[PDB]
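First listed ligand is number 1; within each ligand, the first listed atom is number 1. Sequence positions, counted from 1, serve as the residue numbers for this chain. Note: hydrogens, waters and symmetry copies are ignored here, and every other heavy atom, side chains too, is used.
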Amino acid sequence: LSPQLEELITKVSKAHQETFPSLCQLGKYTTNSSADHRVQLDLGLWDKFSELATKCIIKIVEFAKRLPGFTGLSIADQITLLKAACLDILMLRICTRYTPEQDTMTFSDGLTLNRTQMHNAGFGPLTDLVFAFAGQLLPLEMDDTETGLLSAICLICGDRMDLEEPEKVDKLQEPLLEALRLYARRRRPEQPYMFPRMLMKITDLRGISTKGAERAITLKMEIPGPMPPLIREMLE
Ligand SMILES: CCCCCCCCCCCCO[C@H]1O[C@H](CO)[C@@H](O[C@H]2O[C@H](CO)[C@@H](O)[C@H](O)[C@H]2O)[C@H](O)[C@H]1O
Ligand SMILES: CC1=C(/C=C/C(C)=C\C=C\C(C)=C\C(=O)O)C(C)(C)CCC1
Ligand SMILES: [Cl-]
């Protein structure tokens with residue numbers, strides 16, 4: 001045991017909780033927009049969804065800047081990491097707020113959309129794969145600390161193309177991996193496969209995000225103007 005590792009766990013947990021409202025703390029609310037049938041795109045829903053996405057991108061940057069050592073990387077490397085991982089983290093975030101009984105996902109302001117509305121907001125042919133990912137995330141029963149640490153591990157990764165100092169990024173990731181294993185095993189000692197299961201979710205997350213990037217291309221043709229600039233920074 002080391003005090004430094006325990007401090008890292010709590011720092012990351014706090015950074016996550018303070019940039020990602022929990023489903024339980026949110027005042028959920030609904031919309032009646034295009035709620036029953038799948039359409040190509042409901043522009044009202046796209047407007048609301050894309051605005052929320054911009055806000056969450058800013059929150060993910062805020063989260064990143066609170067991760068120990070992140071701001072010690074070159075600005076170029078910080079941007080490179082954020083561009084590489086933002087969509088992964090957005091996916092993890094929305095899927096964490098999945099309510100299976102109601103077949104809904106809840107955004108950071110409490111906006112709660114059913115599957116059809118998620119489709120109509122822009123997810124389109126990606127919707128059911130996203131819900132399937134959320135469904136397969138559930139049994140892991142991850143808590144906020146674990147979700148925070150996993151998000152940090154997804155972001156701080158030395159394999160990203162065009163990194164100036166990949167070995168430096170590698171070194172920053174090391175304690176995050178150690179922290180997640182220590183925490184996961186302590187919390188649920190009778191479920192020792194939880195750590196490796198969590199790590200394998202990273203690969204699943206990358207897979208769904210690649211599909212997300214593909215969806216963005218087709219979505220660009222359906223929208224009446226360009227996507228919001230921070231969304232373009234994430235995708236383009
Ligand atoms: C994925 C690609 C990544 C590319 C890197 C982009 C990093 C840019 C992040 C913005 C950094 C500056 O952030 C600073 O100004 C932003 C714009 O006024 C604010 O951004 C936002 O803040 C509020 C709460 O987060 C939001 O409800 C508002 O939409 C907006 O004002 C930040 O609260 C502020 O701390
Ligand atoms: C942004 C964006 C996309 C993905 C959004 C995802 C995957 C999650 C959004 C999460 C939010 C916005 C959570 C919150 O508010 O807590 C897709 C690929 C559809 C293409 C259009 C732009
Ligand atoms: Cl570009």
Could you check atom 25 (O) of ligand 1 against the protein and tell me its nearest heavy-atom contact, residue, atom and distance included? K59 CE, 3.5 Å
Partner of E146 under salt bridge (charged side-chain N to carboxylate O under 4.0 Å, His left out), picked from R185, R181, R187, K201, is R187
What about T106: any of its N or O atoms under 3.5 Å from an N or O on ligand 2? no
Where the closest heavy atom to atom 1 (C) of ligand 1 is concerned, which of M234, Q78, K65 has it? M234
Evaluating non-hydrogen atoms only, which member of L87, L230, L219, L52 is closest to atom 4 (C) of ligand 2? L87
Nearest protein heavy atom under 4.0 Å from atom 22 (O) of ligand 1, yes or no: no
Strictly below 4.0 Å, N to O, side chains only: are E236 and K220 in salt-bridge contact? yes
For atom 15 (O) of ligand 2, closest protein heavy-atom neighbour: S108 N, 3.0 Å
Determine, for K211 against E214, whether the closest basic-nitrogen to carboxylate-oxygen distance falls under 4.0 angstrom. no
Under 4.0 Å from atom 16 (C) of ligand 1, is there any protein heavy atom? no
Going by a strict under-4.0 Å cutoff (protein heavy atoms only), does atom 17 (C) of ligand 2 have a neighbour on the protein? no
Go through ligand 2 atom by atom and flag the ones less than 4.0 Å from a non-hydrogen atom of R97. 14 (C), 16 (O)
Could you tell me whether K55 approaches ligand 1 through its side chain, its backbone, both or neither, with non-hydrogen atoms closer than 4.0 Å? side chain
Under the 4.5 Å side-chain heavy-atom rule for ILVMFWY, direct or indirect, which residues accompany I79? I75
Going by heavy atoms, is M91 under 4.0 Å from ligand 2? yes
Residue portion contacting ligand 2 (non-hydrogen atoms closer than 4.0 Å) for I231: side chain
Could an N or O of ligand 2 be found under 3.5 Å from any N or O of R93, whether backbone or side chain? no
Ignoring hydrogens, what is the shortest heavy-atom contact between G122 and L219? Give both atom names and the distance. O-CD2, 3.6 Å
Nearest candidate to atom 19 (C) of ligand 1, where distance is taken over non-hydrogen atoms, out of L235, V61, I58, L82: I58
So which heavy atom in the protein is nearest atom 1 (C) of ligand 2, and how far is it from that ligand atom? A53 CB, 3.6 Å
4.5 Å side-chain heavy-atom contact, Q17 and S22: no
Nearest protein heavy atom to atom 31 (O) of ligand 1: under 4.0 Å? no
To check your reading of the model: name the closest protein heavy atom to atom 11 (C) of ligand 2, its residue, and the distance in Å. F107 CD2, 3.7 Å
Which pair of heavy atoms, one from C154 and one from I202, lies closest together, and at what distance? SG-CG1, 3.8 Å
If you measure from the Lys or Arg side-chain nitrogens to the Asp or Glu carboxylate oxygens, is any gap between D162 and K83 under 4.0 Å? no
Atom 6 (C) of ligand 2: which protein heavy atom is closest, and how many Å away? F123 CZ, 3.8 Å
Between ligand 2 and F49, can you find any atom pair, the residue atom being a heavy atom, that is separated by under 4.0 Å? yes
Between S74 and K168, is any pair of side-chain heavy atoms under 4.5 Å apart? no
Any side-chain heavy atom of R38 sitting closer than 4.5 Å to one from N120? yes
Specify the protein heavy atom at minimum distance from atom 6 (C) of ligand 1: its residue, its atom name, and the distance to 0.1 Å. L230 CD2, 3.9 Å
Would you verify that at least one protein heavy atom lies under 4.0 Å from atom 34 (C) of ligand 1, or report that none does? no
Under the salt bridge (charged side-chain N to carboxylate O under 4.0 Å, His left out) test, which residues partner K14, sequence neighbours left out? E18
Taking the side chain as every heavy atom from C-beta outward, state whether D77 and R160 have any atom pair closer than 4.5 Å. no
Counting only nitrogen or oxygen atoms and a 3.5 angstrom limit, does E233 reach ligand 1? no
Should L82 and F70 count as side-chain neighbours, where that means a heavy-atom distance under 4.5 Å? yes
Atom 28 (C) of ligand 1: protein heavy atom closer than 4.0 Å? yes
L90 and ligand 2 - part of the residue with a heavy-atom distance under 4.0 Å: both
Under a 4.5 Å cut-off applied to non-hydrogen side-chain atoms, are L113 and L45 in contact? yes
Going by the 4.0 angstrom heavy-atom rule, the piece of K55 near ligand 2 is neither
Relative to the ring of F49, is the ring of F107 parallel (under 30°), tilted (30 to 60°) or perpendicular (over 60°)? perpendicular
Check each atom of ligand 2 against the heavy atoms of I94 and keep those under 4.0 Å away; list them by number with element. 8 (C), 10 (C)
